[PDB]
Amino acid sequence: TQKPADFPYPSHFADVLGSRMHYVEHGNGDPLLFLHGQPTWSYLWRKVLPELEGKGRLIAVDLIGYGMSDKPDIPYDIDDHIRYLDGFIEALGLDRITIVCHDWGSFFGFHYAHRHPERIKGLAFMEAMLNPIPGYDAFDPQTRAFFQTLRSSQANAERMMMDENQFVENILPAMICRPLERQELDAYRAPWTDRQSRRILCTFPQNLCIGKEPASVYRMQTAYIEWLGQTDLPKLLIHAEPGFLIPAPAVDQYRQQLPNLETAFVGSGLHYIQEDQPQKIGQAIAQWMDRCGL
């Protein structure tokens, strides 16, 4: 992957399970770990990070296979992603961690926090994987037919991702309210220029929990939600209108369901809200970490 000229944070790499994972880093102190999802990378947070400079050690990591991380010769099943992100976090020896997470990055962050609660200081999340999606008819029409068709066969998934590159070229722009500049979209294309490598883009849409399927992802997500409902850890839910994974009424559900949950509304956004309201998102996290000067 060629590093985009508009990503002004330094590239570092950690050795994890015989591969290298990329992350950008800024500052010192307790870590603020930023976790992206499908089909993005740490670039997604480039305009959010400036709002949090000086609030701790910013670490925005690319999941294995994504961004500027290596693409080892592996299936990129959910277990793979779990192992490699755990390996990353261990490789850096992170503790006292504030996770800032989105989409699959929230599945992984929440599952990590569930398994290592002692290592967490706080959880900030947006357009996250919280209560499982109960079925296709309760799922947002924006993507419902897209997911059904992709999930119906490996051939369909491969056509859609490898030949048509639909997640990058179509879904991503469609789930951002403002128009992307060409070099911004090019940044999202840049890890995925090779057709065969785009097989990797199949696995997240094949594994999104819908109607308890896949069953392993349903069990893990159900289990971290049960745990989230008991944890006293400070939580921040950043939300947009109309949103996607977290529409407006679901926001209020979480205020009641999750202890010590604060919220911040950032206005118009669908799924990749960092592209619509980065400054507001960053400032929401900053204000929440500052705790009114207490």
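The numbering used is simple: start at 1 and walk along the sequence shown.
Per the PDB record, of the two stretches 230-238 and 244-252, 244-252 carries the greater mean B-factor over its C-alpha atoms. Between 34-42 and 257-265, the higher mean Cα B-factor belongs to 257-265. Between the residues 206, 98, 106, 170, the entry's highest C-alpha temperature factor is the one at 170. Residue-level inspection of the entry shows that, of 118, 86, 163, 184, 163 has the top Cα B-factor.
Among the modelled residues of its chain, residue 18 has a C-alpha B-factor that falls in the highest third according to the deposited record. When all modelled residues of the chain are sorted by CA temperature factor, residue 50 is found within the middle third. In the deposited entry, the Cα temperature factor of residue 192 places it in the highest third of its chain's modelled residues.
Annotation for residue 71: C-alpha temperature factor in the middle third relative to the rest of the modelled chain, per the entry.
The deposited CA B-factor of residue 218 belongs to the middle third of values across its chain.
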